[PDB]
């Protein structure tokens, strides 16, 4: 069952064996992935998070981010540790109480403390639209049509060297999959369809690092949503999905009744499908209960290309149709050396006092804010352009902005910008050497918004900056509850920190 929009959510430690190998984890709702949190557009969500963690090897503090939800007027509920809150300590709880006006689509939730989400705190978050403009394109859209893609590690995250190339041990599809080494024939996930029906498959990358080449043997996929943004219909036979991205696609169950492989090939870790790694099963009702015998093609003739995507609504692009044609045009210098990432020459290291609390306490320019050099102020009611030229080691890096979605004016592997009708999204691959992926948005949401690579090992190694949007209006726009004001005193007392 789905939970929400008003629900408790307990965060616990438990052993799990999703690939046949047992290890302890950090779990929401006792499962991997966590339960789906759901509601309708415009609903009030009140997710009371109970921190019941006791195993220090995965951190006993926590904080949860609601990925892709704008949090307008509720910046304090966004979740990134030391940007919008201090962590929740063990034995305490915290009500994330916010609203989702003007958004409907496929989202997710995850720990936003250190690399803790890698240790298991990740699940889907779906905001349905009772008047969805895409409703007539499918018959079925429910918890059974959500498909999660996850990387899974046998080593605990707090034992992963910072700045290292860290490689997973299994791909998990809907929580199940097989290990790349010492492979055992552990259970594969089954997605069941009825011949003749059409399904809204909600594809969610809950990855900490790899991108996946996702396909379904014998089937094609008609994209209708990108990171929460409704798209024109685009039919593809393969989707390369980067960490934290989401797509909805229509699956037409129009092939012969049978079993078909579902494939998710990561860019690192095990290559191919030997022993049923990187795999799940699409089973038609009435098919024999047996593994598929289907083949992938040698090459995919209609792969997703990001410039082929266009919004269903007339979203356009803010600003003027040339590079630098914005009120506040920025170019970030994105670099890596010696185990640490940097943005504009500064490697992100979380501050002692969360950025939001620094601003509420009266610090009101970005040079007064800590970490020094890690906070850029944005002016209110302005068009912002951010160029993100690639080249830093460990690519392709999927950059994500909190508090906003954005027009993708230039995409990976294509030097031509689009000022007319590009897709809008919230997480974007910045591509490869010489690319100049560029995003635009308007500043109508006061508060400090994190910008970072969504490969969680890279964030940990410093690949982040904070956009302090409309510092002067942050306090009036974001009144804070007493329980939020209580978090830093409690956290600092528990950890013997003075501030």
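Rigid core here is just the name for the largest C-alpha set that superposes within 1.5 Å across the two forms. Residue numbers count along the first chain shown, from 1.
- Greater C-alpha displacement in 8 other deposited structures of this protein (rigid core superposition, RMS over structures and residues), of 386-394 versus 163-171: 163-171.
- Looking at 153-161 and 129-137, the one farther from the shown form in 8 other deposited structures of this protein by average CA distance, after a rigid core fit, turns out to be 153-161.
- In this entry, 89-97 shows the higher mean Cα temperature factor of the pair 89-97 and 398-406.
- Per-stretch averaging of Cα B factors for 161-169 and 243-251 places 161-169 on top.
- In this structure the maximum Cα B-factor among 176, 332, 201, 204 is found at 332.
- For the set 384, 277, 370, 121, the PDB entry assigns the largest Cα B-factor to 370.
- Annotation for residue 220: CA B-factor lies in the middle third of the chain's modelled residues.
- Residue 83 sits in the lowest third of its chain by CA B factor, as recorded in the PDB entry.
- Sort the modelled residues of the chain by CA B factor and residue 448 lands in the lowest third.
- Ranked against the other modelled residues of its chain, the C-alpha B-factor of residue 327 as given in the entry falls in the middle third.
- In the PDB entry, residue 433 places in the highest third of its chain by CA B-factor.
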